[PDB]
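Only one chain is given next, in structure tokens, and it is the form deposited in one PDB entry.
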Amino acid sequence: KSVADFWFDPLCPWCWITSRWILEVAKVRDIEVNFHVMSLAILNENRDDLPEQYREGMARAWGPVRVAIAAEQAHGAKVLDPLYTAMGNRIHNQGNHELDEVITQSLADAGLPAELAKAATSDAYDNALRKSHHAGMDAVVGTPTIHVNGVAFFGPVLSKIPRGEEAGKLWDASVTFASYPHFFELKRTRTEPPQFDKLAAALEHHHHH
């Protein structure tokens, strides 16, 4: 069947929305979904891209992606879906940028060993991380990046998560564009920020009471 390969950094709000879209697509279309890790920190490693004043901030971004790579190595790519969902729910839906806590709680959420958190304070996963990152990002700029049946695109840039059959129609459309080698761009000007679907998280908080 058709295949979506999707590269994510847990910190990226655009990856978050587009990945939730893919997951919606897989509920209404028969597709294979493979997640792969990429790194905003790698995109921002050079001072010509991110001034030194910000590096103390961006250095925190290595932790979650190192942990994701470590999790995938030990437990298989199958764990990336639940681990990413957990990290993204805390980062985007709950607004948590305390990434030590996000890592610890997300590993727990995904039923994984707590020891994986130690990957954040290691470079042992960085070669694997860089290989994964470049496989996704080189082929097309920034996030979000998807391959639709082996064809790499930047986007779709979505500011809200499409659901159900609407999500499925957007996938059908993407597959058509991917199937035409002489199509390169469809774009309109964006002036609105990402909007997350925070209702479930709010209901979860309420029901824990």
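The first residue of the shown sequence is 1; numbering continues from there. Take the two forms, superpose them, and find the largest set of C-alpha atoms that agree within 1.5 Å; that set is the rigid core.
According to the PDB entry, the deposited sequence runs on from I161 to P162 with no residue lacking coordinates between them. Per the PDB record, of the two stretches 79-87 and 94-102, 94-102 carries the greater mean B-factor over its C-alpha atoms. Relative to one another, 198-206 and 2-10 have unequal mean CA B-factors, and 198-206 is the one with the higher figure.
Looking at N46, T176, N34, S39, the one whose CA carries the top B-factor in the deposited record is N46. Placement of the Cα temperature factor of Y180 within the chain: middle third of the modelled residues, per the deposited record. Sorting the modelled residues of the chain by their CA temperature factor places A71 in the lowest third. Ranked by Cα temperature factor within the chain, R60 sits in the middle third according to the deposited record. Among the modelled residues of its chain, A114 has a C-alpha B-factor that falls in the middle third according to the deposited record. The entry lists a Cα temperature factor for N127 that places it in the highest third of the chain's modelled residues.
The same protein also exists as the form deposited in another entry; that form is not shown, yet it is the one meant from here on.
A 2 Å or larger CA shift between the shown form and the other one, after fitting on the rigid core, occurs at just one of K169, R55, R163, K160, namely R55. Positional change of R190 between the shown form and the other one reaches 2 Å or more at the C-alpha, relative to the superposed core. Three angstroms is the minimum change: in the other entry, the CA atoms of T189 and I91 sit farther apart than in this structure, by 3 Å or more.
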